[PDB]
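What follows is a single structure, written as structure tokens, with notes after it.
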Amino acid sequence: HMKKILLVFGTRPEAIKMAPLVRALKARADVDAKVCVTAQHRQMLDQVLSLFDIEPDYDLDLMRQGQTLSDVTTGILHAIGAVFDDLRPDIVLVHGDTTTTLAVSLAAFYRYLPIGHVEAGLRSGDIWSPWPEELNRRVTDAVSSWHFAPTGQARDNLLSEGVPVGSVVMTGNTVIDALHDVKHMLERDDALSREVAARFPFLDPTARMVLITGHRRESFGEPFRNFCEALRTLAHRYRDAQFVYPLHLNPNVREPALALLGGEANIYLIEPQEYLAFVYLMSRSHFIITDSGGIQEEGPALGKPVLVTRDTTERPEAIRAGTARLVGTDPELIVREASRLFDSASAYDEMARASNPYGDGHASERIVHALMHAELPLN
Ligand SMILES: CC(=O)N[C@H]1[C@@H](OP(=O)(O)OP(=O)(O)OC[C@H]2O[C@@H](n3ccc(=O)[nH]c3=O)[C@H](O)[C@@H]2O)O[C@H](CO)[C@@H](O)[C@@H]1O
Ligand SMILES: O=c1ccn([C@@H]2O[C@H](COP(=O)(O)OP(=O)(O)O)[C@@H](O)[C@H]2O)c(=O)[nH]1
Ligand code: NA
């Protein structure tokens, strides 16, 4: 294990997407693969670590209630050095577009430590949307020595920014690897599938289900309030449908969600769900309403219509294919688009088409090759 590879990540979406790559690298006897978590998230990170049986070698222990962007940035810069010093890695792998990604990349760049960016080249073209994720991925890509692009379009973004062609490997997105792994867990074990389903005894098998998440930082405040009012209007219009909403732990969305949506009989506010259960819910859903990046990739892959509650996106493929539509946080538009999917089975069939531009679920192997060769509702 001469080559030392340090994988670093901090949040739920990074952990899910990095898990298959961690597994692949740890399995090898000619790589010394180590994991450092920044713990930018705690519970939402731990849910992933436990599911995929990943015990980090280092944990920077950073999360505090109501932390700021500056808190996370400084926390990482202060604490990561001891990790770099202890291991002396040959390469640092970072993921995606969180403040963890940014701060780890800066720290490594400052020390001439080569960085590989898993999920490289996604762009909205707007430094204020998503905020600060667009900045985070742009900085990371500027300083990275390998760029693992999930699509040809992301590759093209990098090349247009002056990234050398030899640095960019179009590998697809490891989220497909993770999704397939979990889909298999469910399909291959009926006992497991039964247990997962039994976590949601409030679900009615005869009722259509809509699955909801929301946490984009630029949407805090008024846009989120409008999104919640749209959900209320929909819940009132479709009293026979069930609206299942796994909350996010960020207080800026958890508290208003509870305050605004807590009194509706057919809105089920639940805790953030471990990925196994969440894939079950996505698969069960009639459609999805979300501003999540990863769900914009997973939903269309599962053939589920996605109403994207953003005014822009860095995942254009599903939009172009029709399986996702941008609805922003305009209540009238959200209600209109959701209502069409309930009211028109022909609209639903026209929209519910599998779309996956992200590869065959073996992105992790391609990255490795490049480098080496019951739930109770809240009320
Ligand atoms: C700037 C940045 O990197 N934002 C990422 C972060 O946003 P997110 O909204 O989670 O922002 P933070 O990671 O800064 O967490 C904010 C606050 O949420 C609460 N909290 C969060 C996680 C947890 O496990 N327990 C907990 O209590 C804490 O009060 C914490 O201080 O994670 C999201 C995934 O979910 C990503 O889409 C975002 O890109
Ligand atoms: O309750 C939930 C909500 C989301 N996810 C998964 O979390 C990833 C997306 O993370 P998130 O939406 O928090 O952030 P983003 O992708 O927008 O950065 C995807 O793999 C989702 O399937 C999950 O496991 N449980
Ligand atoms: Na190993």
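Convention: chains lettered A, B, ... in structure tokens order; per-chain residue numbering from 1; ligands numbered from 1 as shown.
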Subject >> Protein and nucleic residues near ligand 1, 9 Å, only C-alpha atoms and all ligand atoms, as a ChimeraX atom specification >> reply: /A:10-14,39-47,63-69,71-72,96-102,130-133,136,215-217,248-254,292-294
Original post:
Using only C-alpha atoms and all ligand atoms, what are the residues with an atom within 9 Å of ligand 3, set out as a ChimeraX atom specification?
Top reply: /A:1,24-34
Serialized selection, N, CA, C and O atoms, as a PDB file, in the first residue's frame:
```
ATOM      1  N   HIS A   1       0.838  -1.188   0.000  1.00  0.00           N
ATOM      2  CA  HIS A   1       0.000   0.000   0.000  1.00  0.00           C
ATOM      3  C   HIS A   1       0.877   1.243   0.000  1.00  0.00           C
ATOM      4  O   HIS A   1       0.811   2.056   0.921  1.00  0.00           O
ATOM      5  N   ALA A  24     -14.306   0.806  -2.755  1.00  0.00           N
ATOM      6  CA  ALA A  24     -13.442   0.322  -3.824  1.00  0.00           C
ATOM      7  C   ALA A  24     -11.963   0.494  -3.486  1.00  0.00           C
ATOM      8  O   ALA A  24     -11.148  -0.409  -3.743  1.00  0.00           O
ATOM      9  N   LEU A  25     -11.614   1.654  -2.927  1.00  0.00           N
ATOM     10  CA  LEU A  25     -10.213   1.949  -2.609  1.00  0.00           C
ATOM     11  C   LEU A  25      -9.722   1.191  -1.380  1.00  0.00           C
ATOM     12  O   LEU A  25      -8.587   0.706  -1.351  1.00  0.00           O
ATOM     13  N   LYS A  26     -10.568   1.085  -0.360  1.00  0.00           N
ATOM     14  CA  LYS A  26     -10.194   0.331   0.835  1.00  0.00           C
ATOM     15  C   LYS A  26      -9.969  -1.134   0.511  1.00  0.00           C
ATOM     16  O   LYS A  26      -9.126  -1.781   1.120  1.00  0.00           O
ATOM     17  N   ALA A  27     -10.708  -1.653  -0.465  1.00  0.00           N
ATOM     18  CA  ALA A  27     -10.606  -3.067  -0.817  1.00  0.00           C
ATOM     19  C   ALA A  27      -9.231  -3.436  -1.370  1.00  0.00           C
ATOM     20  O   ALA A  27      -8.770  -4.566  -1.207  1.00  0.00           O
ATOM     21  N   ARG A  28      -8.575  -2.481  -2.021  1.00  0.00           N
ATOM     22  CA  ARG A  28      -7.291  -2.744  -2.664  1.00  0.00           C
ATOM     23  C   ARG A  28      -6.143  -2.898  -1.673  1.00  0.00           C
ATOM     24  O   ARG A  28      -6.065  -2.180  -0.677  1.00  0.00           O
ATOM     25  N   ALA A  29      -5.242  -3.829  -1.971  1.00  0.00           N
ATOM     26  CA  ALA A  29      -4.103  -4.095  -1.111  1.00  0.00           C
ATOM     27  C   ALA A  29      -2.881  -3.279  -1.530  1.00  0.00           C
ATOM     28  O   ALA A  29      -1.869  -3.270  -0.827  1.00  0.00           O
ATOM     29  N   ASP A  30      -2.977  -2.597  -2.671  1.00  0.00           N
ATOM     30  CA  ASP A  30      -1.875  -1.776  -3.178  1.00  0.00           C
ATOM     31  C   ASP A  30      -2.137  -0.276  -2.993  1.00  0.00           C
ATOM     32  O   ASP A  30      -1.424   0.559  -3.546  1.00  0.00           O
ATOM     33  N   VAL A  31      -3.176   0.046  -2.226  1.00  0.00           N
ATOM     34  CA  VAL A  31      -3.513   1.421  -1.868  1.00  0.00           C
ATOM     35  C   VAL A  31      -3.666   1.488  -0.367  1.00  0.00           C
ATOM     36  O   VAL A  31      -4.262   0.596   0.230  1.00  0.00           O
ATOM     37  N   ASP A  32      -3.156   2.553   0.241  1.00  0.00           N
ATOM     38  CA  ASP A  32      -3.452   2.842   1.636  1.00  0.00           C
ATOM     39  C   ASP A  32      -4.521   3.929   1.642  1.00  0.00           C
ATOM     40  O   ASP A  32      -4.207   5.117   1.606  1.00  0.00           O
ATOM     41  N   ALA A  33      -5.786   3.508   1.656  1.00  0.00           N
ATOM     42  CA  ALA A  33      -6.920   4.426   1.603  1.00  0.00           C
ATOM     43  C   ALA A  33      -7.407   4.769   3.013  1.00  0.00           C
ATOM     44  O   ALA A  33      -7.744   3.874   3.797  1.00  0.00           O
ATOM     45  N   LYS A  34      -7.423   6.063   3.330  1.00  0.00           N
ATOM     46  CA  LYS A  34      -7.882   6.556   4.625  1.00  0.00           C
ATOM     47  C   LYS A  34      -9.032   7.548   4.446  1.00  0.00           C
ATOM     48  O   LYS A  34      -9.113   8.246   3.429  1.00  0.00           O
TER      49      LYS A  34
END
```
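Per DSSP on the backbone, strand (DSSP E or B) in range 267-365 of chain A comprises residues 267, 268, 269, 270, 287, 288, 289, 290, 306, 307, 308, 324, 325 and 326 of chain A.
Using only C-alpha atoms and all ligand atoms, the nearest neighbour of ligand 2 within the list A:282, A:345, A:231, A:36 is A:282.
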Original post:
Which residues, written as a ChimeraX atom specification, have at least one atom at most 10 Å from residue 123 in chain A, with only C-alpha atoms counted and residues fewer than 5 positions away on the same chain left out?
Top reply: /A:129-130,133-135,137-138,153-154,157-158,313-316
Show me, as a tab-separated table (two decimals) with N, CA, C and O atoms, in the first residue's frame, the residues that have an atom within 6 Å of range 199-213 of chain A when counting only C-alpha atoms, minus same-chain residues fewer than 5 positions from it.
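selection.tsv was written with the following content:
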```tsv
chain	number	residue	atom	x	y	z
A	241	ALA	N	-54.34	12.22	-1.07
A	241	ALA	CA	-52.93	11.93	-1.33
A	241	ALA	C	-52.13	12.13	-0.05
A	241	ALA	O	-52.56	12.86	0.84
A	242	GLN	N	-50.95	11.50	0.03
A	242	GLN	CA	-50.08	11.66	1.19
A	242	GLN	C	-48.79	12.35	0.80
A	242	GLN	O	-48.11	11.94	-0.13
A	243	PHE	N	-48.47	13.41	1.53
A	243	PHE	CA	-47.31	14.23	1.24
A	243	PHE	C	-46.28	13.98	2.33
A	243	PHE	O	-46.48	14.37	3.48
A	244	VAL	N	-45.20	13.29	1.97
A	244	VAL	CA	-44.20	12.84	2.93
A	244	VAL	C	-42.97	13.71	2.81
A	244	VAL	O	-42.39	13.82	1.72
A	245	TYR	N	-42.56	14.33	3.92
A	245	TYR	CA	-41.53	15.36	3.88
A	245	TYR	C	-40.48	15.09	4.96
A	245	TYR	O	-40.65	15.47	6.12
A	285	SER	N	-42.83	6.70	-4.46
A	285	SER	CA	-43.47	7.98	-4.75
A	285	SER	C	-44.18	8.01	-6.10
A	285	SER	O	-43.77	7.36	-7.06
A	286	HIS	N	-45.24	8.80	-6.16
A	286	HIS	CA	-45.85	9.12	-7.44
A	286	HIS	C	-44.94	10.16	-8.12
A	286	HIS	O	-44.52	9.99	-9.28
A	287	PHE	N	-44.62	11.24	-7.41
A	287	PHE	CA	-43.61	12.16	-7.90
A	287	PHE	C	-42.92	12.86	-6.74
A	287	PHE	O	-43.29	12.67	-5.58
A	288	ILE	N	-41.92	13.66	-7.07
A	288	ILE	CA	-41.03	14.28	-6.09
A	288	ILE	C	-41.04	15.78	-6.27
A	288	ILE	O	-41.04	16.27	-7.41
A	289	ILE	N	-41.04	16.51	-5.16
A	289	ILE	CA	-40.87	17.96	-5.16
A	289	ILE	C	-39.61	18.24	-4.35
A	289	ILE	O	-39.57	17.93	-3.16
A	290	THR	N	-38.60	18.84	-4.98
A	290	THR	CA	-37.32	18.96	-4.28
A	290	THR	C	-36.42	20.04	-4.85
A	290	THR	O	-36.51	20.37	-6.03
A	374	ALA	N	-40.04	2.42	13.99
A	374	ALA	CA	-40.94	3.13	13.08
A	374	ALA	C	-40.71	4.63	13.14
A	374	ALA	O	-40.27	5.17	14.16
A	375	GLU	N	-41.01	5.31	12.04
A	375	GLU	CA	-40.86	6.76	11.97
A	375	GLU	C	-42.19	7.43	12.29
A	375	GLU	O	-43.16	7.29	11.55
```
Original post:
residue 359 in chain A: which residues within 8 Å, counting only C-alpha atoms, same-chain residues fewer than 4 positions away excluded, as a list in words?
Top reply: residues 150, 171, 172, 173, 176 and 363 of chain A
Any chance you can output those residues with N, CA and C atoms as a short mmCIF file (atom, residue, chain, number, x, y, z; two decimals), in the first residue's frame?
```cif
data_model
loop_
_atom_site.label_atom_id
_atom_site.label_comp_id
_atom_site.auth_asym_id
_atom_site.auth_seq_id
_atom_site.Cartn_x
_atom_site.Cartn_y
_atom_site.Cartn_z
N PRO A 150 -19.03 14.19 -14.13
CA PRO A 150 -20.13 13.23 -14.21
C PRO A 150 -20.79 13.15 -15.59
N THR A 171 -16.29 10.24 -15.94
CA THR A 171 -16.46 8.96 -15.26
C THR A 171 -17.91 8.59 -15.01
N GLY A 172 -18.82 9.53 -15.25
CA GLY A 172 -20.16 9.42 -14.72
C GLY A 172 -20.20 9.79 -13.24
N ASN A 173 -21.38 9.71 -12.64
CA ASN A 173 -21.56 10.12 -11.25
C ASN A 173 -21.70 8.91 -10.33
N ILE A 176 -25.01 6.99 -8.94
CA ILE A 176 -25.66 5.83 -9.55
C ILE A 176 -25.13 4.56 -8.91
N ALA A 363 -18.97 4.21 -11.82
CA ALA A 363 -18.14 5.41 -11.83
C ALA A 363 -16.95 5.24 -10.89
#
```
**OP:** Please run DSSP on the backbone and report, as JSON, numbers by chain, all residues within range 42-284 of chain A that come out as alpha helix (DSSP H).
**Re:** {"A": [43, 44, 45, 46, 47, 48, 49, 50, 51, 69, 70, 71, 72, 73, 74, 75, 76, 77, 78, 79, 80, 81, 82, 83, 84, 85, 86, 87, 99, 100, 101, 102, 103, 104, 105, 106, 107, 108, 109, 133, 134, 135, 136, 137, 138, 139, 140, 141, 142, 143, 152, 153, 154, 155, 156, 157, 158, 159, 160, 174, 175, 176, 177, 178, 179, 180, 181, 182, 183, 184, 185, 186, 187, 188, 190, 191, 192, 193, 194, 195, 196, 197, 222, 223, 224, 225, 226, 227, 228, 229, 230, 231, 232, 233, 234, 235, 236, 237, 251, 252, 253, 254, 255, 256, 257, 258, 259, 260, 261, 275, 276, 277, 278, 279, 280, 281, 282, 283, 284]}
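Nearest to residue 340 in chain A of all the residues A:234, A:265, A:196, A:51 is A:234, counting only C-alpha atoms.
Take CA of residue 161 in chain A and CA of residue 95 in chain A: the distance between them is 19.3 Å.
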Original post:
Could you pull the residues within 7 Å of range 142-149 of chain A, counting only C-alpha atoms, minus those fewer than 5 positions along the same chain, as an MDAnalysis selection string?
Top reply: chainID A and resid 109 114:121 154:155 167:172 367
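All residues of protein, DNA or RNA that reach within 8 Å of residue 174 in chain A, judged by only C-alpha atoms and not counting those fewer than 2 positions away in the chain, are residues 17, 18, 20, 21, 172, 176, 177, 178, 361, 362, 363 and 364 of chain A.
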Since we have the selection now, will you write its residues out, keeping N, CA, C and O atoms, as a PDB file, in the first residue's frame?
```pdb
ATOM      1  N   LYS A  17     -22.318   9.752  -1.921  1.00  0.00           N
ATOM      2  CA  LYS A  17     -21.617   9.691  -3.196  1.00  0.00           C
ATOM      3  C   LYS A  17     -20.183   9.154  -3.066  1.00  0.00           C
ATOM      4  O   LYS A  17     -19.655   8.550  -4.008  1.00  0.00           O
ATOM      5  N   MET A  18     -19.551   9.360  -1.914  1.00  0.00           N
ATOM      6  CA  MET A  18     -18.188   8.874  -1.728  1.00  0.00           C
ATOM      7  C   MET A  18     -18.144   7.426  -1.244  1.00  0.00           C
ATOM      8  O   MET A  18     -17.130   6.755  -1.401  1.00  0.00           O
ATOM      9  N   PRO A  20     -19.274   4.436  -2.275  1.00  0.00           N
ATOM     10  CA  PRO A  20     -18.808   3.356  -3.162  1.00  0.00           C
ATOM     11  C   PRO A  20     -17.325   3.469  -3.502  1.00  0.00           C
ATOM     12  O   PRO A  20     -16.659   2.449  -3.719  1.00  0.00           O
ATOM     13  N   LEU A  21     -16.816   4.699  -3.544  1.00  0.00           N
ATOM     14  CA  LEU A  21     -15.424   4.937  -3.890  1.00  0.00           C
ATOM     15  C   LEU A  21     -14.527   4.575  -2.709  1.00  0.00           C
ATOM     16  O   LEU A  21     -13.460   3.977  -2.880  1.00  0.00           O
ATOM     17  N   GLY A 172     -18.820   9.530 -15.250  1.00  0.00           N
ATOM     18  CA  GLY A 172     -20.163   9.416 -14.716  1.00  0.00           C
ATOM     19  C   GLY A 172     -20.198   9.794 -13.239  1.00  0.00           C
ATOM     20  O   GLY A 172     -19.168  10.154 -12.649  1.00  0.00           O
ATOM     21  N   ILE A 176     -25.014   6.988  -8.941  1.00  0.00           N
ATOM     22  CA  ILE A 176     -25.661   5.833  -9.553  1.00  0.00           C
ATOM     23  C   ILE A 176     -25.125   4.556  -8.907  1.00  0.00           C
ATOM     24  O   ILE A 176     -25.883   3.605  -8.674  1.00  0.00           O
ATOM     25  N   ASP A 177     -23.818   4.523  -8.628  1.00  0.00           N
ATOM     26  CA  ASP A 177     -23.230   3.369  -7.947  1.00  0.00           C
ATOM     27  C   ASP A 177     -23.953   3.143  -6.610  1.00  0.00           C
ATOM     28  O   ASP A 177     -24.307   2.018  -6.261  1.00  0.00           O
ATOM     29  N   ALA A 178     -24.137   4.222  -5.850  1.00  0.00           N
ATOM     30  CA  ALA A 178     -24.752   4.144  -4.525  1.00  0.00           C
ATOM     31  C   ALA A 178     -26.216   3.736  -4.612  1.00  0.00           C
ATOM     32  O   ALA A 178     -26.677   2.867  -3.867  1.00  0.00           O
ATOM     33  N   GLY A 361     -23.287   3.101 -13.174  1.00  0.00           N
ATOM     34  CA  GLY A 361     -23.153   2.714 -11.777  1.00  0.00           C
ATOM     35  C   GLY A 361     -21.799   2.110 -11.446  1.00  0.00           C
ATOM     36  O   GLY A 361     -21.626   1.482 -10.397  1.00  0.00           O
ATOM     37  N   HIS A 362     -20.831   2.303 -12.338  1.00  0.00           N
ATOM     38  CA  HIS A 362     -19.465   1.858 -12.090  1.00  0.00           C
ATOM     39  C   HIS A 362     -18.496   3.032 -12.210  1.00  0.00           C
ATOM     40  O   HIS A 362     -17.349   2.871 -12.625  1.00  0.00           O
ATOM     41  N   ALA A 363     -18.971   4.213 -11.822  1.00  0.00           N
ATOM     42  CA  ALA A 363     -18.143   5.412 -11.832  1.00  0.00           C
ATOM     43  C   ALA A 363     -16.952   5.243 -10.895  1.00  0.00           C
ATOM     44  O   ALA A 363     -15.849   5.700 -11.195  1.00  0.00           O
ATOM     45  N   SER A 364     -17.170   4.575  -9.764  1.00  0.00           N
ATOM     46  CA  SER A 364     -16.102   4.408  -8.779  1.00  0.00           C
ATOM     47  C   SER A 364     -14.931   3.652  -9.381  1.00  0.00           C
ATOM     48  O   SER A 364     -13.779   4.027  -9.179  1.00  0.00           O
TER      49      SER A 364
END
```
